[PDB]
Each structure stands twice: as C-alpha cells, then as structure tokens.
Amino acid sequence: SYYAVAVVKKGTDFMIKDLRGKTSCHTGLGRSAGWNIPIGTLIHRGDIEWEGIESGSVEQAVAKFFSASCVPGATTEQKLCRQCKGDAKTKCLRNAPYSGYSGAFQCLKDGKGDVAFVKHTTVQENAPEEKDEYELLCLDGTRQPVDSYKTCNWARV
C-alpha cells in the first residue's frame, strides 16, 4: 500500500487551488502517483478542462494548465518535457534523470518544478536530513508536514 502525495517546498505559499501556471514534476506519463492520481484529481475538481477524448489528449489539457513540467514518457507536448534534466534527446524518456519517484523529487529539489507528485515515502527515502524543508499539499486547501501523509494525501494506492 502507499499514499500518493504532492510535495512542495516550505518556501512557497500556494495551495491546491492555486496550481494553475505552476511548474510540475511527475514520475512519468501513465504512472499512478505521478500522473493518474494527480491529473485525474485535477480533472475532477474542474481545474483541468478535459471533458472527453475528442482527438482529445490529456497531455494537451495538462500542458495548458501547468506552465511547464517534466513528464518522462510524454509524447506530444514539448512543454511537458521543458523542465526535464538531461541531454537534448533523452531528457524526456521514461528512464531519464528526473524519471521515477526519486527523479520527480529531485526535480523539485533542483527547483525545476514547484510541486512533485510522488508517494509518501519519497522525501524520507531520498532526503531524510532535509524533510523539514518540504511539506505536502492537501486536498482541503492547506499544507501539512511530510510525516502527516495519512491526513494529507490525494489517494491511497
């Protein structure tokens, strides 16, 4: 079991309703915590306007919402690769430097995204001496500490 969480830095003050126009770090296209849960959550609050697939791409809809992102595996929207770290031709592949739970978290740490969609063990696993520099974005419009995932997660997977 795990809990999908949205990690942000303590220096910022935006909440979930204020995500439009921010930059985002994702584990990869089509993965659970990094894409299916957050994007679906945003589509259902009505923040990302997608009503259905007509030629319709979710990628297009997301690229319109975030100003830029890193979404390893993205196929059609270059904006979704803009924040990725790496070489000109592989930075956006599904096994790129910012891919995976560790890579999405590094993208936030490096300041290449304002939010990283990862799981509840991610900050602890990758920056245990820096946990206090991060917090989580809750569905109810607040922020809570990294260890408070049980009451501040977007879904239990």
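We number the residues from 1 along the sequence you see.
Between the stretches 17 to 25 and 142 to 150, it is 142 to 150 that shows the larger average CA temperature factor.
Mean C-alpha B-factor is higher over 54 to 62 than over the other stretch, the pair under comparison being 54 to 62 and 95 to 103.
In the PDB entry, the Cα temperature factor peaks, among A68, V118, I37, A88, at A88. Of all the options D110, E125, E130, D114, the entry's greatest CA B-factor is assigned to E130.
Sort the chain's modelled residues by C-alpha temperature factor and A4 lands in the middle third, per the entry.
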